[PDB]
file structure_39.pdb (PDB, C-alpha atoms (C1' of nucleotides))
ATOM      1  CA  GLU A   1      13.723  34.189 -29.538
ATOM      2  CA  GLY A   2      11.661  34.721 -26.412
ATOM      3  CA  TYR A   3       8.793  36.346 -24.553
ATOM      4  CA  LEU A   4       8.413  40.009 -23.590
ATOM      5  CA  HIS A   5       7.553  40.906 -19.991
ATOM      6  CA  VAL A   6       5.818  44.293 -20.067
ATOM      7  CA  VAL A   7       4.291  45.405 -16.782
ATOM      8  CA  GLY A   8       3.722  49.114 -17.448
ATOM      9  CA  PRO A   9       5.034  52.423 -16.107
ATOM     10  CA  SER A  10       5.644  52.170 -12.366
ATOM     11  CA  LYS A  11       8.323  53.378  -9.943
ATOM     12  CA  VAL A  12       6.451  56.643  -9.529
ATOM     13  CA  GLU A  13       6.793  59.255  -6.800
ATOM     14  CA  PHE A  14       4.012  61.780  -6.236
ATOM     15  CA  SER A  15       3.901  64.594  -3.700
ATOM     16  CA  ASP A  16       3.276  68.319  -3.210
ATOM     17  CA  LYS A  17       6.558  69.350  -1.542
ATOM     18  CA  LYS A  18       8.134  70.465  -4.856
ATOM     19  CA  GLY A  19      11.107  68.119  -4.694
ATOM     20  CA  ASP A  20      14.528  68.592  -6.248
ATOM     21  CA  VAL A  21      13.990  66.847  -9.602
ATOM     22  CA  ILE A  22      10.590  68.441 -10.291
ATOM     23  CA  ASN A  23      11.917  71.943  -9.684
ATOM     24  CA  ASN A  24      15.033  71.700 -11.881
ATOM     25  CA  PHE A  25      12.894  71.882 -15.006
ATOM     26  CA  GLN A  26      12.400  74.044 -18.089
ATOM     27  CA  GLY A  27       8.941  75.293 -17.101
ATOM     28  CA  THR A  28       5.382  74.552 -18.269
ATOM     29  CA  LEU A  29       5.496  70.834 -17.514
ATOM     30  CA  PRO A  30       2.580  68.951 -19.119
ATOM     31  CA  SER A  31      -0.412  67.298 -17.472
ATOM     32  CA  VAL A  32      -1.255  63.601 -17.053
ATOM     33  CA  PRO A  33      -1.902  61.461 -20.148
ATOM     34  CA  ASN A  34      -5.011  59.308 -20.173
ATOM     35  CA  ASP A  35      -3.441  56.015 -21.319
ATOM     36  CA  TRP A  36      -0.139  54.176 -21.420
ATOM     37  CA  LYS A  37       1.775  53.147 -24.540
ATOM     38  CA  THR A  38       1.877  56.944 -24.832
ATOM     39  CA  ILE A  39       3.811  58.221 -21.788
ATOM     40  CA  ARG A  40       7.255  59.180 -23.082
ATOM     41  CA  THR A  41      10.195  60.558 -21.132
ATOM     42  CA  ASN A  42      10.616  64.259 -20.477
ATOM     43  CA  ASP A  43      13.886  65.142 -18.724
ATOM     44  CA  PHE A  44      17.095  63.644 -17.371
ATOM     45  CA  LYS A  45      18.067  63.200 -13.741
ATOM     46  CA  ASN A  46      21.718  63.666 -14.712
ATOM     47  CA  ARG A  47      22.386  66.404 -17.263
ATOM     48  CA  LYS A  48      26.161  66.324 -17.775
ATOM     49  CA  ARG A  49      25.966  62.547 -18.275
ATOM     50  CA  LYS A  50      22.981  61.161 -20.181
ATOM     51  CA  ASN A  51      21.870  58.890 -17.355
ATOM     52  CA  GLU A  52      18.393  57.765 -16.164
ATOM     53  CA  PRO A  53      15.482  59.624 -17.767
ATOM     54  CA  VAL A  54      12.419  60.803 -15.882
ATOM     55  CA  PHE A  55       8.934  62.130 -16.583
ATOM     56  CA  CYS A  56       7.672  65.117 -14.609
ATOM     57  CA  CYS A  57       3.937  65.700 -14.641
ATOM     58  CA  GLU A  58       0.984  67.534 -13.105
ATOM     59  CA  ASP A  59      -2.803  67.509 -12.848
ATOM     60  CA  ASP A  60      -5.588  69.904 -11.855
ATOM     61  CA  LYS A  61      -4.369  69.902  -8.237
ATOM     62  CA  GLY A  62      -0.826  70.587  -7.051
ATOM     63  CA  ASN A  63       0.289  66.955  -7.213
ATOM     64  CA  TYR A  64       3.738  66.488  -8.757
ATOM     65  CA  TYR A  65       4.496  63.133 -10.411
ATOM     66  CA  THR A  66       7.978  61.868 -11.265
ATOM     67  CA  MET A  67       8.682  58.526 -12.909
ATOM     68  CA  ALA A  68      11.736  56.379 -13.660
ATOM     69  CA  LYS A  69      11.666  52.988 -15.438
ATOM     70  CA  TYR A  70      12.227  53.535 -19.159
ATOM     71  CA  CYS A  71      12.598  49.789 -19.858
ATOM     72  CA  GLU A  72      10.754  46.459 -19.856
ATOM     73  CA  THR A  73      12.139  42.935 -19.603
ATOM     74  CA  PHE A  74      12.591  40.103 -22.077
ATOM     75  CA  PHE A  75      13.351  36.416 -21.511
ATOM     76  CA  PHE A  76      14.593  34.307 -24.396
TER
ATOM     77  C1'   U B   1     -76.025   3.677  -0.369
ATOM     78  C1'   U B   2     -79.432   1.594   5.282
ATOM     79  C1'   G B   3     -83.643  -2.107   6.956
ATOM     80  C1'   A B   4     -87.204  -1.477  10.876
ATOM     81  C1'   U B   5     -89.982  -3.523  17.412
ATOM     82  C1'   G B   6     -84.500  -1.126  20.869
ATOM     83  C1'   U B   7     -78.591   4.304  18.525
ATOM     84  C1'   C B   8     -78.002   8.935  25.903
ATOM     85  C1'   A B   9     -72.031   9.762  20.970
ATOM     86  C1'   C B  10     -74.580  17.419  22.544
ATOM     87  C1'   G B  11     -71.156  10.042  26.568
ATOM     88  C1'   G B  12     -65.056  12.252  25.846
ATOM     89  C1'   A B  13     -61.173  20.167  26.631
ATOM     90  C1'   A B  14     -55.427  17.425  22.052
ATOM     91  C1'   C B  15     -54.492  18.381  27.321
ATOM     92  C1'   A B  16     -49.779  18.202  30.433
ATOM     93  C1'   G B  17     -43.353  20.071  31.620
ATOM     94  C1'   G B  18     -38.947  23.681  28.992
ATOM     95  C1'   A B  19     -35.635  31.883  30.645
ATOM     96  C1'   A B  20     -33.577  33.219  22.721
ATOM     97  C1'   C B  21     -29.450  32.705  26.716
ATOM     98  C1'   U B  22     -23.675  33.280  26.481
ATOM     99  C1'   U B  23     -18.882  36.037  24.737
ATOM    100  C1'   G B  24     -16.903  41.691  22.352
ATOM    101  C1'   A B  25     -13.686  49.671  25.360
ATOM    102  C1'   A B  26     -16.582  52.787  18.337
ATOM    103  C1'   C B  27     -10.765  52.111  18.612
ATOM    104  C1'   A B  28      -6.302  53.609  16.110
ATOM    105  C1'   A B  29       1.212  55.914  12.899
ATOM    106  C1'   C B  30       4.798  54.200   9.620
ATOM    107  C1'   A B  31       5.519  54.425   4.927
ATOM    108  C1'   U B  32       3.522  53.052  -0.407
ATOM    109  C1'   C B  33       5.973  51.927  -5.723
ATOM    110  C1'   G B  34       9.694  49.538  -8.718
ATOM    111  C1'   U B  35      14.395  49.295 -10.835
ATOM    112  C1'   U B  36      18.962  52.283 -12.542
ATOM    113  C1'   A B  37      24.353  51.805 -13.493
ATOM    114  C1'   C B  38      28.790  49.444 -15.254
TER
END
call {"tool": "encode", "arguments": {"input": "structure_39.pdb", "output": "structure tokens"}}
result
Amino acid sequence: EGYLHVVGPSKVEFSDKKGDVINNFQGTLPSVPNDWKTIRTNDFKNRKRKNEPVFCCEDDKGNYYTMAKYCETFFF
RNA sequence: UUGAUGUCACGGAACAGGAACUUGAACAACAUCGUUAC
């Protein structure tokens, strides 16, 4: 039994340079959701081994958003 | 609220002394954000 430490989705990297993990995609990446408790994961950084998931994104401009951190913490 | 036979109060400048002063280039490069894996 214990408390849940939930801080939200962070560890985000945003740019316009079209980095390596935003390019290796399956096309038509979605736009930015308006609230949390809704942002789910989209792709994997490693594809042969099911390692760390990511979330590639976009907006009305050419800003590319990638995000790690698929977990929260819990102290008991 | 006066008292008578005697009021120059128009008989008297609120006047005389004290620096809103001292100190200050409209200028500029290194990051921000947190977790993943056994």
call {"tool": "resolve_selection", "arguments": {"input": "structure_39.pdb", "expression": "the PyMOL selection byres ((chain A) within 7 of (chain B))", "output": "short mmCIF file (atom, residue, chain, number, x, y, z; two decimals) with C-alpha atoms, in the coordinates of the input"}}
result
data_model
loop_
_atom_site.label_atom_id
_atom_site.label_comp_id
_atom_site.auth_asym_id
_atom_site.auth_seq_id
_atom_site.Cartn_x
_atom_site.Cartn_y
_atom_site.Cartn_z
CA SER A 10 5.64 52.17 -12.37
CA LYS A 11 8.32 53.38 -9.94
CA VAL A 12 6.45 56.64 -9.53
CA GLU A 52 18.39 57.76 -16.16
CA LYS A 69 11.67 52.99 -15.44
#
call {"tool": "atom_distance", "arguments": {"input": "structure_39.pdb", "atom1": "CA of residue 17 (chain A)", "atom2": "CA of residue 58 (chain A)"}}
result
13.0 Å
call {"tool": "atom_distance", "arguments": {"input": "structure_39.pdb", "atom1": "CA of residue 56 (chain A)", "atom2": "CA of residue 22 (chain A)"}}
result
6.2 Å
call {"tool": "residues_around", "arguments": {"input": "structure_39.pdb", "residues": "residue 64 (chain A)", "least_positions_apart": "6", "cutoff": "12 Å", "atoms": "all atoms listed in the file", "output": "PDB file with C-alpha atoms, keeping the file's coordinate frame"}}
result
ATOM      1  CA  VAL A  12       6.451  56.643  -9.529  1.00  0.00           C
ATOM      2  CA  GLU A  13       6.793  59.255  -6.800  1.00  0.00           C
ATOM      3  CA  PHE A  14       4.012  61.780  -6.236  1.00  0.00           C
ATOM      4  CA  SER A  15       3.901  64.594  -3.700  1.00  0.00           C
ATOM      5  CA  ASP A  16       3.276  68.319  -3.210  1.00  0.00           C
ATOM      6  CA  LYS A  17       6.558  69.350  -1.542  1.00  0.00           C
ATOM      7  CA  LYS A  18       8.134  70.465  -4.856  1.00  0.00           C
ATOM      8  CA  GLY A  19      11.107  68.119  -4.694  1.00  0.00           C
ATOM      9  CA  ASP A  20      14.528  68.592  -6.248  1.00  0.00           C
ATOM     10  CA  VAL A  21      13.990  66.847  -9.602  1.00  0.00           C
ATOM     11  CA  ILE A  22      10.590  68.441 -10.291  1.00  0.00           C
ATOM     12  CA  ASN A  23      11.917  71.943  -9.684  1.00  0.00           C
ATOM     13  CA  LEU A  29       5.496  70.834 -17.514  1.00  0.00           C
ATOM     14  CA  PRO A  30       2.580  68.951 -19.119  1.00  0.00           C
ATOM     15  CA  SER A  31      -0.412  67.298 -17.472  1.00  0.00           C
ATOM     16  CA  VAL A  32      -1.255  63.601 -17.053  1.00  0.00           C
ATOM     17  CA  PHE A  55       8.934  62.130 -16.583  1.00  0.00           C
ATOM     18  CA  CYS A  56       7.672  65.117 -14.609  1.00  0.00           C
ATOM     19  CA  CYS A  57       3.937  65.700 -14.641  1.00  0.00           C
ATOM     20  CA  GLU A  58       0.984  67.534 -13.105  1.00  0.00           C
TER      21      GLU A  58
END
call {"tool": "closest_residue", "arguments": {"input": "structure_39.pdb", "among": "A:62, A:70, A:75, A:6", "to": "residue 40 (chain A)", "atoms": "all atoms listed in the file"}}
result
A:70
call {"tool": "axis_aligned_box", "arguments": {"input": "structure_39.pdb", "around": "region 12-27 of chain B", "padding_each_side": "8 Å", "output": "lines of an AutoDock Vina configuration file"}}
result
center_x = -37.9
center_y = 32.5
center_z = 25.0
size_x = 70.3
size_y = 56.5
size_z = 29.3
